[PDB]
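Data first, discussion second: the structure below is written as structure tokens.
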Amino acid sequence: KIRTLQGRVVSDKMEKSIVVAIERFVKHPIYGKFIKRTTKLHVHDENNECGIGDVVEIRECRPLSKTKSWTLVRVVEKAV
Amino acid sequence: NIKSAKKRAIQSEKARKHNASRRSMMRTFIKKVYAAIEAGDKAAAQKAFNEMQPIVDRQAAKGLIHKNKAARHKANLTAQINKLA
Amino acid sequence: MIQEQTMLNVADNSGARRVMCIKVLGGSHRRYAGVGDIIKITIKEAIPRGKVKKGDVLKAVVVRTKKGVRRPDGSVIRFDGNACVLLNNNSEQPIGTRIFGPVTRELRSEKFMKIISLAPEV
Amino acid sequence: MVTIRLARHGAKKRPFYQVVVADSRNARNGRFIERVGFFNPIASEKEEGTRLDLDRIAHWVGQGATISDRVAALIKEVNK
RNA sequence: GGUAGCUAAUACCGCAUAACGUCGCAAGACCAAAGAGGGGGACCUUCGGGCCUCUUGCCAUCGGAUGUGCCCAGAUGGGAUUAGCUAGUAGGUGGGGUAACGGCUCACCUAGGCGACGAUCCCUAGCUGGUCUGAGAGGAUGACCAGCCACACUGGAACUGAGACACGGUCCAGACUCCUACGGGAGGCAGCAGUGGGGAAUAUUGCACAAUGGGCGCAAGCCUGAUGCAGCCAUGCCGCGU
RNA sequence: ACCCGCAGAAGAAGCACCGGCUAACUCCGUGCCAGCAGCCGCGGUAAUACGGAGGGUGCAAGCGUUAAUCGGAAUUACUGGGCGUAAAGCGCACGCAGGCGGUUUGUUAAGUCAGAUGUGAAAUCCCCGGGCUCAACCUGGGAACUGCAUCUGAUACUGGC
């Protein structure tokens with residue numbers, strides 16, 4: 001098996017790449033409330049099957065390009 | 001007293017006149033092998049590549065390109081003569 | 001040729017590109033200045049690494065001319081700029097620690113050899 | 001060269017010394033693989049003074065790290 | 001210190017030989033280099049070695065051990081009377097580059113990419129082991145110390161080598177100090193120590209290769225302002241006189 | 001270092017403080033002047049406030065004065081602040097982006113809780129064996145550093161679907 005994270009696609013506007021938002025959901029160190037700390041990553045995608053509103057599952061390599069180390073594993077909900 | 005580091009730029013420029021000259025010769029040899037593919041095909045390329053093979057190893061035997069680039073050149077061109085149909 | 005109201009570059013170390021020639025001296029009526037002979041200058045810009053003030057009145061001597069050094073045979077030795085060096089009015093001598101100039105035979109004909117000779121150029 | 005060597009340890013007019021395994025390479029008493037003993041030049045004339053892990057040293061020599069004259073002589077203080 | 005005449009290699013290059021290395025399913029082709037030392041008998045000489053013997057090197061292939069290069073993640077000074085910012089910024093196509101990666105560096109196609117979780121820009125800045133405080137939480141802060149990252153007068157280029165992005169290096173340049181009776185020349189104490197200056201202020205140009213480490217040497221031995229020790233100070237803490 | 005002797009009280013004591021809070025205080029001189037003061041305030045004929053003097057208080061090879069940091073300080077408020085007026089609640093309506101949301105089932109495992117293997121440098125705290133009396137220091141063995149990663153359970157709640 002491998003380690004993978006879930007996110008949703010926020011941009012597909014690039015020939016062999018997509019952009020995905022992930023939520024690490026972390027506790028505030030002093031005041032104890034949980035905060036999303038939502039992070040947007042560039043993700044490698046040569047198969048180009050995704051668009052705005054797709055839920056996706058991703059994995060890290062290796063740096064694939066500058067500011068890109070993650071690649072697409074599977075499409076999760078396959079909705080609409 | 002001495003400081004032998006003070007000799008190493010002169011020892012490098014005096015050697016550069018062959019040790020960098022052969023880098024130009026090696027860049028040229030790739031051209032001679034691709035020129036032997038148009039001369040051409042299996043009955044010229046592998047005969048002409050065997051002029052380059054020993055010179056790459058004979059340079060690597062002195063250092064300079066020994067860590068990967070010498071074997072990299074031989075493998076790159078072995079794969080290019082193996083591609084022939 | 002260097003004269004009254006001429007702006008020059010200066011041969012003094014940490015001196016600005018701009019100093020003004022206010023008098024050509026010699027006591028008698030004079031047209032132009034001369035190599036190895038004195039001239040009256042005012043500082044028109046001061047550089048903070050330098051040892052002079054803007055608007056100050058000083059004594060100088062001419063050290064290179066586009067007219068060249070040429071008296072003994074008529075054979076000219078020429079330069080691509082007009083410049084003077086600064087002198088103290090009481091204690092004498094070039095006020096700087098380095099000079100930017102060719103330091104020719106007529107400058108060693110003055111009492112200055114000890115502070116000009118770091119780099120002879122001819 | 002990985003070496004089994006004595007490291008700088010002690011007080012003014014009272015040296016103590018430790019012995020470690022390290023590539024040298026590395027600086028003085030730092031960045032070592034593991035500790036194997038201590039010398040104490042005085043050792044208070046007692047058997048609970050001076051210690052050496054002669055069995056871990058036996059696995060680190062071979063076919064292993066180097067041991068020079070002055071460090072190969074530590075066994076003569078524990079005797080052994 | 002430059003040049004020329006002269007001469008040798010454990011300095012240098014070819015010609016040879018060469019693995020489980022090269023590349024492939026595999027047969028197989030190819031690339032290299034040095035001896036030296038102490039001891040020692042029969043046989044022989046021009047008796048400053050033929051020849052035996054152990055040691056230690058030399059050239060190569062492939063593993064361990066340990067590092068070096070690379071990219072991430074979680075942790076992280078101020079400012080919103082900075083709200084928008086950007087052109088290798090954001091994605092593709094093809095070369096080159098490095099031991100290896102990526103836009104890394106170029107040339108061209110595409111227009112995206114980043115922002116209120118504060119982008120963009122500007123001021124301040126060795127970091128953490130630690131330190132002080134109070135019952136603690138919390139606060140104020142990181143000399144020395146151990147480790148790590150950066151710097152070598154001011155600045156560029158990187159080269160050598162196992163390793164420096166080189167305190168005592170290269171090519172030098174700048175700002176300079178010093179020498180030259182005048183034809184061009186040496187160098188960078190934020191090492192060890194004094195001193196000019198800056199400051200309210202911080203210790204001596206001390207003693208020593210004695211011990212130890214590293215470096216060369218097969219070893220005797222040689223080098224070492226490394227280091228190991230003095231000297232001074234209520235500057236803090238602790239035992240103790242008058 | 002340590003031992004033995006020659007040596008004679010010999011060479012060896014400070015500085016701050018004493019009206020109320022506040023320990024110890026009286027007399028002289030000055031007479032709103034001079035010289036003081038953490039706050040209330042001192043000094044014109046009794047000055048416990050200045051300067052001295054005699055006696056006390058405090059600590060001691062130290063004692064004291066300052067520009068400042070921590071305590072006192074819950075008066076920056078997490079442990080742990082406040083909004084009627086004392087100081088802050090928007091004059092008002094609607095609402096995007098944010099925060100928050102009933103309940104029956106399954107499922108995901110970001111987050112929580114449970115168990116491991118790696119790691120969390122050495123000094124060092126704390127326990128504790130040596131070494132100098134105690135201890136600073138050199139350490140020999142322990143502990144902690146609730147962390148973080150990688151494997152694996154529980155399957156309840158929150159987000160997600």
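Among the residues of segment D:30-51, those that are touching a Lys or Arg at 6+ places or on another chain (Cβ under 8 Å) and either within 14 Å of chain B (Cβ to nearest Cβ) or buried (at least 16 other Cβ atoms within 10 Å of the Cβ) (or both) comprise D:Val36, D:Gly37, D:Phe38. Entry remark, segment C:15-30: residues being of a type outside the set (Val, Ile, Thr) and either touching a residue at least 40 places away in the same chain (Cβ under 8 Å) or closer than 14 Å to C:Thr65 by Cβ (or both) number 2 in total.
Looking at B:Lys32, B:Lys6, which is the one that is in contact with a helix residue (DSSP H, G or I) (Cβ under 8 Å, 6 or more places away or on another chain), charged (D, E, K, R) and more than 14 Å from chain A (Cβ to nearest Cβ)?
B:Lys32
For the list (1) in a loop (DSSP other than H, G, I, E, B); (2) more than 8 Å from RNA strand E (Cβ to nearest atom); (3) loosely packed, with under 11 Cβ neighbours inside 10 Å, I need the number of the one condition that A:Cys61 fails. Failed condition: (1). Evaluating A:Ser69 against the criteria (1) surrounded by 15 or more Cβ atoms within 10 Å (Cβ to Cβ); (2) more than 7 Å from RNA strand E (Cβ to nearest atom) leaves one unmet condition, (2).
Counting only residues that are more than 12 Å from RNA strand E (Cβ to nearest atom), surrounded by 15 or more Cβ atoms within 10 Å (Cβ to Cβ) and within 11 Å of the chain's Cα centre (by Cα), segment A:22-58 holds 4 of them.
All of (1) within 8 Å of RNA strand E (Cβ to nearest atom); (2) surrounded by fewer than 10 Cβ atoms within 10 Å (Cβ to Cβ) hold for B:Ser12 with one exception: (2). The listed residues are B:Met25, B:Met52, and the only one of them that is surrounded by 12 or more Cβ atoms within 10 Å (Cβ to Cβ) and either among the polar types (S, T, N, Q) or touching a helix residue (DSSP H, G or I) at 6+ places or on another chain (Cβ under 6 Å) (or both) turns out to be B:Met52.
Quick note: the coordinates plus some simple rules give every number you see, no bench work behind them. All Cβ positions, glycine included, derive from the backbone under ideal geometry; neighbour counts span all protein chains shown.
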